[PDB]
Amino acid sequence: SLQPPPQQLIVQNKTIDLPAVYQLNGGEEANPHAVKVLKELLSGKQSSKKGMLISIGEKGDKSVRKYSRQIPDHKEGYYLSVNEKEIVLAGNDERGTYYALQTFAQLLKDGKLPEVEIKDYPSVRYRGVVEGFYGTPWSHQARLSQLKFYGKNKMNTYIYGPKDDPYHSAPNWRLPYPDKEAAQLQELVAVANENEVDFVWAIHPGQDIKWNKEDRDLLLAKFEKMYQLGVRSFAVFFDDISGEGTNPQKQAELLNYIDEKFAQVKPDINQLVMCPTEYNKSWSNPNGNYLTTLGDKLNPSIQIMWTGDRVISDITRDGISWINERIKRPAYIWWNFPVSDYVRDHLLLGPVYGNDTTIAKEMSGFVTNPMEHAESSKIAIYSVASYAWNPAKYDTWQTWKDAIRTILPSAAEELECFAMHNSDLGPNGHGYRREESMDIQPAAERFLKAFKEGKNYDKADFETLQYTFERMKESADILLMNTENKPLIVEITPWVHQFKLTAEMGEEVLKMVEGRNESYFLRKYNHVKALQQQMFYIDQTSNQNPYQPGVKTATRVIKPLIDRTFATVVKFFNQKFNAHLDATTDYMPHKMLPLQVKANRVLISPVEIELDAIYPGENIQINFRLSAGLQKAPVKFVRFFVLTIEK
């Protein structure tokens, strides 16, 4: 399946071998980046004047003159032909030729090629990734991996802007990178060029910028330093700030000066981009002069970013029409998915969907803000590439499976299984959600409706949950041991263990429901208890970040089904056997409205608490904000909303 799907595709249900010998035409005058790819694919063969003709070039090259009318008249467009007599790889421009090559490579399999004719180009001008999340910035190696992934997928934009880079944001935005980080950026730029990606270096000065000449020159000197590293595209981000830096006329004048005295003055600068302080509708002020000032004063070649109706949202026709009317140009979309920097205990591995597929003309660019997990982000990023190139043919689910099979061909079913049940965000302040476990939600919701009322449940529904748990465990175990993409495995490992625990708890809970007799029920019940505790252990020892620490998985449908089924059978067992088995579903070592444990804090989900031991106390915070520092006092009980201790 060709990804992204071409704007036009004629297939002949015939195929042809790849020239064992051929004659390369236009190998000298064509884009070197595209001739390298071609020369890599024809490795093992050779050229004479004998042999099948392969013509490669840009409109205006001599090699593709026969085809000038076939070449779509679009930046990045290309004609691609394969038939018995010859192969054609002709781009409207140099990047086009290279994209023609990225398509040619997906056609080739086992030394064979279909008879095809393709006219292709992108519906959206700028397409790619903005590394612009909070949290650990992508490693150097991950970045190198991303840029080749972008090239295979016809993404032409990498916007470097990790919030937690101190040379990107305050206060060291004024300082050049040190030797090491600078030699790495240099490399990244070279890798970006070779894959036809625009490295866009962003800067995030707003929080402490002074509107004087000193800070202005400092920004340009920084831009100048990046230029010497090879950067040829630039942005300035005023997102997530307060104070003076939020002045729209000042920002506009600063962008216009960069434009006028830097971007329109170098020989070869490409994109100049800005992210507004008011970057989505909910954060706008309809009655304030901010967005209209930007649209009026910002020079017309400068891009303005937008994330939609909310901080996290999908792009609607009405939504983009709303912003466009104010900024007076087609918005450059910053799409906050699969970024999870606000639900960092979740992985977001579901399909990319929700964006209107008929509004390509109303956007200048489309970029995805990804997870801090670089390889786990490839699923969405591949889907975004597909959507942004050919929205009209955007196929959510197909593109997802395609992504997954590309990233992990050795274990693709296993990764689908995992991903299918790691897509929802859980409740969050942005109110943004995704579906999850849709395939089994039906049989789950009936099994649970039936159960809760002494109505027997459908046996096939019980079997389907069983089959699911089984498949999850096969997936988790195979994934852990997969060595084809180790970086990917390292990123997901904690979630893979928790995902396995989940499915085991599901099996044991199902066994409780069967529950042949008393002793057996009790064995299963204890096993469950222990599995819960293991889940808690993982949740307090992995991914301990300061914000949403820990590891949640299959949270939308599966865990709730397991938790509730457990509480129910436990109830029936107590009723019938007069027992007082505890029904609680999450392990909690402390006692008290469930308690939670976050890092070194113990809290009641918003009279007396008994901790599992004696600890030195740090402080208590309460809100009906009260705050008493405990000053290392040994504390085990707390009577009368969060307690912090030493841990």
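Start at 1 and count along the sequence shown; that's the residue number.
Across the other PDB entries of this protein whose models span the neighbouring residues, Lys45 goes unmodelled in a third or more. Where the other entries of this protein model the residues before and after it, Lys632 is kept in all of them rather than dropped from a third. The segment from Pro606 to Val607 is interrupted, since 10 or more residues of the deposited sequence in that interval carry no coordinates. A chain break between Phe640 and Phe641 is present, corresponding to 10 or more residues of the deposited sequence without coordinates. If you average the C-alpha B-factors over 133-141 and over 287-295, the higher value belongs to 287-295.
The question of which stretch, 48-56 or 27-35, has the higher mean Cα B factor is settled in favour of 48-56. For the set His373, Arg564, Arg516, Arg317, the PDB entry assigns the largest Cα B-factor to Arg516. If you compare the C-alpha temperature factors of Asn83, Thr368, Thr357, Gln534 in the entry, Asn83 comes out highest. Ranked against the other modelled residues of its chain, the C-alpha B-factor of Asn336 as given in the entry falls in the lowest third.
In the PDB entry, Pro442 places in the highest third of its chain by CA B-factor. For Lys222, the recorded CA temperature factor ranks within the lowest third of the chain's modelled residues. Per-chain ranking of the deposited C-alpha B factor places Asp198 in the middle third. Residue-level temperature factors show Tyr158 in the lowest third of its chain, judged at the C-alpha atom.
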